[PDB]
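Student: The structure under discussion is supplied below as structure tokens; questions concerning it will follow.
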Amino acid sequence: XXXXXXXXXXXXXXXXXXXXXXXXXXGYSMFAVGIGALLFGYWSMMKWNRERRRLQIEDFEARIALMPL
Amino acid sequence: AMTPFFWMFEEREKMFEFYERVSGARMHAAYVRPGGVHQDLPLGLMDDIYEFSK
């Protein structure tokens, strides 16, 4: 009996298949989150600066109140 | 670019396992000759080519 190297292909490994595809981001939907984070960013920040004004006037009031200084 | 060199050389080092099992040295082989092919493929290699290509 002769024994040589046997042939096997099975699945053929798929000859040239695309793996690159669009994922997560679509296009217009990313701008809704992108610019949406900006509008949420300013509104949250400016409310803190209005709360800073409560401290600001109260800080300068200490100088006016102190005349024996 | 640093990554694409090392990403492929892991796979490329597996390629010289085919060469070592088919001929003496790692890189250069006196394998292809005017009389066709010097030595036949061993029984282990033909299953490994399919396993690599997958």
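From first to last, the protein sequence lines are chains Z and D.
Using PDB author numbering, you'd call the opening residue of the first sequence number 5 and step up by one each time.
Using PDB author numbering, you'd call the opening residue of the second sequence number 163 and step up by one each time.
Note that CB positions come from ideal geometry on N, CA and C, so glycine has one too.
At 4 residues or longer, what runs of the alpha helix (DSSP H) sit wholly inside the region 167 to 195 of chain D?
Tutor: none
Student: With distance defined between alpha-carbon atoms, name the residue in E172/D, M164/D and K176/D nearest to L207/D.
Tutor: In the second sequence, the residue the question calls residue 207/D occupies position 45. Among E172/D, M164/D and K176/D, the Cα nearest to that of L207/D is on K176/D.
Student: For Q201/D and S215/D, what's the separation of their Cα atoms in angstroms?
Tutor: Sequence index remark: in the second sequence, residue 201/D carries index 39 (1-based). Sequence index remark: in the second sequence, residue 215/D carries index 53 (1-based). Their Cα atoms are separated by approximately 23 Å.
Student: For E182/D and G40/Z, I'd like the C-alpha separation in whole angstroms.
Tutor: Numbered from 1 along the second sequence, position 20 holds the residue referred to as residue 182/D. Numbered from 1 along the first sequence, position 36 holds the residue referred to as residue 40/Z. Taking the straight line from one Cα to the other gives about 59 Å.
Student: How many Å lie between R58/Z and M49/Z at the Cα?
Tutor: Numbered from its first residue, the first sequence carries residue 58/Z at position 54. Numbered from its first residue, the first sequence carries residue 49/Z at position 45. Near 15 Å, if we compare the C-alpha coordinates of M49/Z and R58/Z.
Student: Helix or strand or just coil, what does DSSP make of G197/D?
Tutor: Residue mapping note: residue 197/D aligns to position 35 of the second sequence, counting from 1. The answer is coil: DSSP assigns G197/D none of H, G, I, E or B.
Student: Could you check whether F178/D and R188/D sit closer than 7 Å to each other, using their CB atoms as the reference points?
Tutor: In the second sequence, counting from the first residue as 1, residue 188/D sits at position 26. In the second sequence, counting from the first residue as 1, residue 178/D sits at position 16. Using a Cβ distance threshold of 7 Å, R188/D and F178/D count as a contacting pair.
Student: So for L203/D, helix, strand or coil by DSSP?
Tutor: What you label residue 203/D is simply residue 41 of the second sequence in a count that begins at 1. Coil.
Student: Quick one: give me the first and last residue of the alpha helix (DSSP H) that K51/Z is part of.
Tutor: Along the first sequence, one-based indexing puts residue 51/Z at 47. It spans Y32 to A69 - the alpha helix (DSSP H) in which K51/Z sits, taken as one unbroken run.
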